[PDB]
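Okay, here's what each chain looks like letter by letter:
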Amino acid sequence: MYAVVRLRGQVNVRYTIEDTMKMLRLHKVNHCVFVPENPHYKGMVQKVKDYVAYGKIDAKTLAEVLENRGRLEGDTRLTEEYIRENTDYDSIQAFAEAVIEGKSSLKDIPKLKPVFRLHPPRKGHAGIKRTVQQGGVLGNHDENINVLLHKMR
Amino acid sequence: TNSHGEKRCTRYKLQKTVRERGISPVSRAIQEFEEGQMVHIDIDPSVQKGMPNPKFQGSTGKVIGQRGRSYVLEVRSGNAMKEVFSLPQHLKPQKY
Amino acid sequence: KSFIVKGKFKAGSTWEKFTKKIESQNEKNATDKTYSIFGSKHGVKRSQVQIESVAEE
Amino acid sequence: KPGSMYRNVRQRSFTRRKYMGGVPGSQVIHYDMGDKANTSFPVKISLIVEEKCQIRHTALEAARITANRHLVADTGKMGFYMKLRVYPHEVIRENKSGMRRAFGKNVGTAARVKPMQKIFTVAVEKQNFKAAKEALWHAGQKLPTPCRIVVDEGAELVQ
RNA sequence: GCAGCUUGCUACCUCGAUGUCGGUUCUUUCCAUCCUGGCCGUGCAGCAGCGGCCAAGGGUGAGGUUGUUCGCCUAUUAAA
RNA sequence: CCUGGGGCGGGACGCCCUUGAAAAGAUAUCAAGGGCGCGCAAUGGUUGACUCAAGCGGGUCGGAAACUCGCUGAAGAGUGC
RNA sequence: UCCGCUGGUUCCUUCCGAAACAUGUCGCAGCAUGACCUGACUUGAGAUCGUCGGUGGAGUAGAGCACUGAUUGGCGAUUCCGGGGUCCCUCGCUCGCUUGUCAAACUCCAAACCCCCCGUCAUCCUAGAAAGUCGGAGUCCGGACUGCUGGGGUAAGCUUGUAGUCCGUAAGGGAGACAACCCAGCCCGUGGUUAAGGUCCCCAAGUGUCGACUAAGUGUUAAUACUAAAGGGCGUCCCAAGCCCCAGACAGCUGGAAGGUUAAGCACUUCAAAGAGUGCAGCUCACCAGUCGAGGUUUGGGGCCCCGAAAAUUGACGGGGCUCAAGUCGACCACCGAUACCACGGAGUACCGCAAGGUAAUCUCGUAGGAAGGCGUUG
RNA sequence: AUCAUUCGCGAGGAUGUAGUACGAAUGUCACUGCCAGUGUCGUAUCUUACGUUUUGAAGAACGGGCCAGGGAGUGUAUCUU
Ligand SMILES: [Mg+2]
Ligand SMILES: [Mg+2]
Ligand SMILES: [Mg+2]
Ligand SMILES: [Mg+2]
Ligand SMILES: [Mg+2]
Ligand SMILES: [Mg+2]
Ligand SMILES: [Mg+2]
Ligand SMILES: [Mg+2]
């Protein structure tokens, strides 16, 4: 499961890349979306590598992301009670485990927004002018996206 | 000044490869096409009759009718739909 | 706490071997000092420096 | 007209001489010097250029003259074989008024050379290696590019 | 390669005007130094040259033609 | 009228092809190569029969210049410009 | 009078928001038509700005000589068409084998982008897809940055194109100032954290950490119209490889350059140790012996610095100043720092709902201009 | 913050203390008589006027010395929505 977070703005960005972002539902910086691992989404995330950061999120990171930055319709925070009344699992942690194990989805939750408006990264990040392999933050973090997601908790 | 003729800038659009120059395969000229079938426009430069523009070279046309030997194609040129008359020698079916 | 470092690096348009004897507190610090010294003496980043081994001596 | 004018490569290749008019030919006379028969020279070195530059035919002729004279005075007339690999194929045209109808007349030819492309190849004996190398050094001083010598044959024969 | 001190190229500023050449007057500036000061080389005997380096404190004038700039010519002058 | 100010020069003032033009399309300059303002009752249509350019070989002053026979020959010819 | 030419054209808010381009024009300071913007209406279910796979178009970069043309030698024959001192024989073209270069009007080859169509995912869509009809225009002086070695040009803050994004019409934060360079697209107030960039002082936060380099005040200048080259350096710091090398080299200190030749040196039988000879006929090196007693020399590839390096009012790393740095290089840590992001409260807008009200990550910038709603004077 | 453990060459990081004490704001109880505002001055940050021609205006481009009043989409006919 790619965890794609936007880290650069929409100024001086080409229309194809900006529409790629818009179909990914990433209109502003510090916005995260969780998407499956099919080749279609892999190509879409590859097209916007210079303006986002993506990786393979683990279950604990997604659990804390749902617990601290999940919003329903009307801008209402997600909690444990809504999860238990609209899913089969014991808490947000078990639902995150199910989502990582592929037998669940984020669309299982009724009314849940597909965009996680995250906080800016605590103690900054590595920079938006170099990729991950150049010492920056853009591009593919692999499993190290969870460190960046943790610092943007 | 430059010209505005129909064959303008078709040095390689309307050129045949070295080992397909000469007579073409005659089976390409009797390929019947159905209504609504998608066919590729790949112009045969040897057949000088019933040819579309070079500007439609490489466009997929939907067959909508027949006008004798040639076929009626609904071709797309940028943002407009065009009706392009082409004989079967210049068309080629799309395979799935 | 002395080390031998083997490898090659991009000395301009070419690649050159090296077995520069480097000493430090441990092996990772030896590798870091290898990268730092080559970035100093030749102005090349760590992508242009390849270390084949770090031999404890 | 200094070589800095027709030096940088920012234009496409103007070489089809059947669609142009009256190119003044190159002053470069020969392209082989020395022993043109002895293929048994063990130590062979080449002068390579390390930029993308257009060498005028007059520059090539001056470099060839200085290198050939140095090699003849160093290793004798038949103790070396020196090859100028590149022909000047590009036609250099100057806008000889103002900028109206600016496509100029051909005022000479030149050779467009890529980075690391050998200009002169010199084959010499073991003892005449240093003289050939130094003459090739003098040859590159008459060229508009930074040039470095590279050894073709007998790298172990020298060191 | 440098300078932007000649002619070009360009059309960025100015056409509800930035008074357009040359001279004169007065002040200043750069050194790529003509003389004055200090050195180095010489195919420097001396005298007098020739070439180069440092150096902008001072000096660098008077006259004939030409509207001239420039340039020529005259006699001085350390140099003009 | 266009015009690296205007004028002199030129017509990039109508039509046609190659490049420019960055492998769909489009793409400017007084950009580069240029051409056209016609010719033909056959230099047109169709059917049949053949294959051309240029070499090598044989043939008598018919020379290394003619015409003729064999071989090579997907085109190196011809198709008005 | 007329003018396509100049100047001026008077209140507020809200919604949306361009074009400086094509064709024709006695057309080039103008206009019409189309693209682009806006408002309304009809229509009734798909649309493609994006991804992945496939059926097709490639003839550009690159590459190459297989065609068209160029282009360099060598080797062996055109017994022939040709040039020269019994056509005795010289002999350049021409044809093959092996080399050396090319093309914008060359291609046996040949990408990455890209374009048409199909399937899938994705997004938009009955709160109205694509299509259609009508009302209103503005607009056809554009410019810049990043690419295309774009074309031309000696080059140009030159001129003329193309793809994207900007300024125009773009705030706020930062580069010293900066139309268009980076963050950023922005309703109001508060709190927090970050972006770009910076942390010696001017100035909030580092006289921060590790490993080296620079000795020149070099530098303290991302992009750039704002930044000097060729050439050279036994300046200094590195990597690698030949050669001599504790069976004793390199550089210094002791006996000789004695046989020879005056082949007028400077126009050997055989010895470890003496030439047809380095130097101001003795005056001097190359060379063997001894000697301190250990590295020496050559080449190649690199980093920084230096010479090359001269301009005009006194002056510009932004200034002070800075030398194991306050400079350069390879990494790292912590903090500072926006109106961005998060949160809270509030305003406006869009659509839906009978209404209460609901939704908005997928609403809030704005020139020419379209549309809507209001304030004011006189009657 | 402090303290403890551990890692890190080091600057520092991780873990726990602790999502604790705090924290915009929303209420309530004391306490106090000034506060909002107005004029001027100073300190800190930001801004080179307005309209126009302009690709680009603070321009060494054009307009205004200042103040008051006057000063620019109106009617007929016709066509269209
Ligand atoms: Mg005119
Ligand atoms: Mg090419
Ligand atoms: Mg930009
Ligand atoms: Mg804009
Ligand atoms: Mg700004
Ligand atoms: Mg408006
Ligand atoms: Mg304007
Ligand atoms: Mg009034």
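About the thresholds
- Residues numbered from 1 in each chain as written, not as in the entry; some residues may be left out.
- Chains lettered and ligands numbered in written order.
- Part of a larger assembly, values for the part shown.
- Heavy atoms only, no water.
- Helix = DSSP H or I, 4+ residues; strand = E, 2+ residues; numbered from the N terminus.
- Rg over C-alpha atoms; globule rule 2.2 N^0.38 Å.
- Buried < 20%, exposed > 50% of the residue type's maximum accessible area, 1.4 Å probe, protein only.
- Contact = heavy atoms within 4.5 Å.
- Areas by Shrake-Rupley, 256 points an atom, 1.4 Å probe, with all protein chains shown as cover.
- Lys, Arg positive; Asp, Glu negative; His and termini not counted.
- Charge placed at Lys NZ, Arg CZ, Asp CG, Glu CD.
- Near = heavy atom within 4 Å.
- Polar contact = N/O pair within 3.5 Å; in protein donor to acceptor, adjacent residues only side chain to side chain.
- Pairing = 2+ DSSP bridges.
- Axes fitted to C-alpha atoms, helices over the stretch in contact; angles between N-to-C directions.
- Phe/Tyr/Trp six-rings, centres within 6.5 Å; stacked < 30°, edge-to-face > 60°.

As summarised from the PDB record, the model derives from cryo-EM at a stated resolution of 2.92 Å.

Quick look at the overall build of chain A now. Of the regular secondary structure elements, chain A holds 6 helices and 7 strands. Secondary structure elements in chain A, listed N-terminal to C-terminal, are β-α-β-α-β-α-β-β-α-α-β-β-α. A compact globule built from 153 residues would reach a C-alpha radius of gyration of about 15 Å, and chain A, at 15 Å, matches this within 12%. Projected onto the principal axes, the alpha-carbon positions of chain A cover approximately 45 × 30 × 30 Å. Burial statistics for chain A: of 153 residues in total, 43% are counted as buried. Looking at chain A alone, contacts between residues at least 24 apart form 69% of all its contacts between residues at least 6 apart. Carbon and sulfur atoms form 49% of the exposed surface of chain A, whose accessible area is close to 8600 Å². Between the averaged position of the 26 positive side-chain charges in chain A and that of its 19 negative side-chain charges there is a distance of 11 Å.

Attention now goes to the protein's contact with RNA strand E. Every residue near RNA strand E is listed here: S4, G98 and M99 of chain D. Taking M99 of chain D, its main chain carries an N or O atom lying 3.4 Å from a phosphate oxygen of RNA strand E.

Right, let's talk about the pairing of strand β4 (residues 80–86) of chain B for a bit. All names here are of chain B. As judged from the 7 bridges shared by strand β3 (residues 70–77) and β4, these two strands associate in the antiparallel manner. Bridging from a neighbouring strand, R76 pairs with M81 of β4. Once β3 ends, the chain turns through 2 residues before running back antiparallel as β4, passing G78 with a positive phi of about 80°.

Bringing the sheet that holds strand β5 (residues 90–94) of chain D into the picture now. Residues and elements named next belong to chain D. Read across the open sheet, the 3 strands follow the order β3-β6-β5; overall the sheet is antiparallel. Sheet topology places β3 (53–56) and β5 at the edges, where each strand pairs with a single neighbour. Sheet twist, expressed as the average angle between the axes of neighbouring strands with direction ignored, equals 50°. Its contacts with the sheet put helix α1 (residues 57–75) on β3 and β6 (105–113), and the angle it makes with β3 is roughly 70°.

Around RNA strand H sit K123 and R153 of chain A together with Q25, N26, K28 and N29 of chain C, and those are all the residues in its vicinity. Close to the protein, within 4 Å, the atoms of RNA strand H belong to sugar or phosphate groups at a rate of 54%. In the environment of RNA strand H, a sugar or linking oxygen lies 3.4 Å from a nitrogen or oxygen atom belonging to the side chain of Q25 of chain C. Within the side chain of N26 of chain C, an N or O atom sits 3.1 Å from a phosphate oxygen of RNA strand H.

It is worth spelling out the arrangement of the chains at this point. With no contact formed, the shortest span from any C-alpha in chain B to any C-alpha in chain C equals 41 Å. Spatially, chain B and chain D are disjoint, and the shortest separation between their C-alpha atoms is 15 Å.

Turning next to unusual backbone geometry. Even without being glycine, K123 of chain A reaches a positive phi, approximately 60°. Checked against the element boundaries, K123 of chain A lands in the loop between β6 (116–117) and β7 (139–142). Positive phi outside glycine occurs at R101 of chain D, with the angle close to 60°. Positionally, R101 of chain D belongs in the loop between β5 and β6. Classification of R101 of chain D as exposed rests on a relative accessible area of 79%.

Working definition: an aromatic ring pair is given by the centre-to-centre distance plus the angle between the planes. With the rule as written, the count across this model stands at 9 aromatic pairs over all chains. Taking the centre distance of 5.5 Å and the plane angle of 65° together, the rings of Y2 of chain A and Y54 of chain A count as edge-to-face. In this pair, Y2 of chain A is assigned in strand β1 (residues 2–6) and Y54 of chain A in strand β3 (residues 52–55), connecting sequence segments 52 residues apart. With a relative accessible area of 11%, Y2 of chain A lands in the buried category. Judged by centre distance (5.9 Å) and plane angle (80°), the ring pair of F14 of chain D and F103 of chain D falls under edge-to-face. What links up through ring pairs into an aromatic cluster is the set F9, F18 and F38 of chain C.

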